[PDB]
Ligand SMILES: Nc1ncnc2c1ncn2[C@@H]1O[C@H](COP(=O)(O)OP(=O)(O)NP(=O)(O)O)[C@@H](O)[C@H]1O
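Below you will find one chain, with nothing else, as structure tokens; this is the form solved without this ligand, and questions on how it binds or moves follow later.
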């Protein structure tokens, strides 16, 4: 596309907003930036000759623009954006600018849980095949920083928010791994509106890959390739567990470093997408056996003195926490940390995992009191995650697990879930020796 001489406004700084700034400048266009935060996260990192407005949206700037580039962190439904949409002013995001320039195929991945693990996995499968691959998007680097004429494949994690402002994506392979309640603070029309945003990823996709076990991942109306536990074009076989494609065994999971059923369906989805992208199967399977997991994803930061302390800080929703608790083996007592910005989620689904004598809850952050309510007799509420740790530490016994899998965003008290996971790791180290 050609942006020469246009009035461009970028809404939202940070890494992404910064990457969009660089994108326009390198193309000979000086945009202007605005952010509803008085002091946004990359402000002092921004070039001097770029006009910026902070502390609110600027309607004068918006209503004058030829193109608005909106961070995924601002709602399209925001009154200033809606007004500019009503006036016919074109609104895109960073993924859209990226898709209009990219000169390699894209694998596109979204879903409420598993999306970064699959994205990473498909990226390692291309690396194992000697393919020059750029991996990023909603994980790692912002898409626009991957753009390179030499790249042979892109693998992108895409959030529901990124998908709302993207229209030119034509993925070689796209998946929605699953859809469970999340971001309800951004979706006033509920779960169906949240799903609808994710369904945008299948539009003009060469192959679509659905989860046979989750109907919501399927288009509204050829067919998609599927993965699943007992069913699907890609599926599990329990003699010991194998991954199979159409009845053929391709890998015995004991060769994987990851474990758990939900990692095995991640592996299936990753394979299916690599297959659709033309990558050789042998090297794809080799990558499955070398991948050790992402940090903050059910990560054992300390196993010592009979106690395992797990950083599952990436659990930012109810679905992810269920994944950790469902089938979880604990010898003695589980000390479960819950807390932060629940985004108006229904926590009920968690209740059925919190019975029996061998469970303790330490609830903190904005929605702490709501998380304790799940079973108040076994629950403590603190303000912070630090205070919670210092409160559970003394009670920890050989055989126990300490599990940070909070079911909420960290953004009420932290920069991001990585900072929360790193703080937990530091404290677990202090308190656990």
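Positions refer to the first chain, counted from 1.
Here the subject shifts to the form deposited with this ligand bound, a form of this protein not shown in this document.
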TODO: Would you mind picking the one in 333, 166, 226, 112 that has a heavy atom within 4.5 Å of this ligand in the deposited bound form?
DONE: 112
Open item on the list: Just checking whether residue 312 would be counted as a contact of this ligand in the deposited bound form - the rule being heavy atoms within 4.5 angstroms.
Closed with: yes
- [ ] Classify residue 217 as contacting or not contacting this ligand in the deposited bound form by the rule of any non-hydrogen atom within 4.5 angstroms, answering yes or no.
- [x] no
- [ ] Would you check, heavy atoms only and a 4.5 Å threshold, whether residue 284 touches this ligand in the deposited bound form?
- [x] no
Open item on the list: Is residue 96 near this ligand? Define near as a heavy atom within 4.5 Å, in the deposited bound form.
Closed with: no
Open item on the list: Quick one: 237, 244 and 289 and this ligand in the deposited bound form, is every residue within 4.5 Å by at least one heavy atom?
Closed with: no
TODO: Have a look at 314 to 322, 301 to 309, 125 to 133, 247 to 255 and name the one stretch with heavy atoms inside 4.5 Å of this ligand in the deposited bound form.
DONE: 314 to 322
Task: Residues in 8 to 34 close to this ligand in the deposited bound form, defined by a heavy atom within 4.5 Å, in order - done: none
